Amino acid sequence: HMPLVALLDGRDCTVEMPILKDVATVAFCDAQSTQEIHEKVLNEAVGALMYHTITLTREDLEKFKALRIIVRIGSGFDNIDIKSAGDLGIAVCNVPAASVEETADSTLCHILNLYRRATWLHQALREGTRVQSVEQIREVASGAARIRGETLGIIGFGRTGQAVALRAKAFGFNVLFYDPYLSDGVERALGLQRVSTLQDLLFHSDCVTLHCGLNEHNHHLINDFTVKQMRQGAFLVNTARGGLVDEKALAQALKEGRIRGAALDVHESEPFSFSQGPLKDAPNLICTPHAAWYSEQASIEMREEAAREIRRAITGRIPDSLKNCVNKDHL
């Protein structure tokens, strides 16, 4: 009788089971919350696989009586109290590399959608707008702007942020980044300008894109205060984490025109709806349902890697055998 591993917030384990067949019994819960988890898993689950639709607090984690590893199928782990998980003796891991370029591609797509208004232009044709003269073109496409010379400010200069920068350079962007945790000179290897503070980044950027994890020190990084530091008519793009932005502040900025447009793949409350929330009636808003990460090859890659990480934890020694443990310090 092998250890039990549970896919907490999902139903499909097809990609994982060929890797774990002779290692662990695999069950799933399709649970949005811990309340919806059968007590068989809580008391006996040795490992857990998990996406982004369930959050595990210290109280949620204290209900598990035998869990020793949690593997987030994906890069971000802000939905898990990793320090409490470490206190309780539970290793938390992630899969960081699978969707780096997918997300950067989705990001560039949203950046170009703002500067070129292709998505809004398509809606206008879906809604029946007639664009016959060169002069109706200019009106319907009003706001489309030349990209060369514009300044793109990247918050978070890690893997995805650097992929964004590389792509942005080819379109003629002047690319800056702000990352207060990187060592001196990372800007030089890649031929970019770096700034010391968020205020400087927002001050100089016509378009601000977010590419940092959500941690204890940057909740609502974009807030009513820091939004006033953004250039008039600036763009905001967020394919990182919804909790990084105060949507109430953003909603007002868009309504008053202080921000000309925003493209958001993530939101404070998901799933997102154009009928519920602070952006209920905000203008110049493009939204995708947390899909910037998804490609068929990326989805398979991350699930196979996560399954292997579970295998390494069961058959090996924690945390030495793990390749992407994110709470070694708290463990």
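All residue numbers refer to positions in the sequence shown, first residue = 1.
Set 32-40 against 48-56 and average the Cα temperature factors; 32-40 ends up higher.
Mean C-alpha B-factor is higher over 220-228 than over the other stretch, the pair under comparison being 153-161 and 220-228. Among 172, 76, 242, 86, the highest C-alpha B-factor in the deposited entry belongs to 86. The PDB entry assigns the greatest CA B-factor among 256, 179, 206, 187 to 256.
Among the modelled residues of the chain, residue 140 sits in the lowest third by CA temperature factor in this PDB entry. Among the modelled residues of its chain, residue 105 has a C-alpha B-factor that falls in the lowest third, as given in the PDB entry. In this PDB entry, residue 113 carries a Cα temperature factor that places it within the lowest third of its chain's modelled residues.
Residue 303: CA B factor lies in the lowest third for its chain, per the PDB record. Ranked against the other modelled residues of its chain, the C-alpha B-factor of residue 291 as given in the entry falls in the lowest third.
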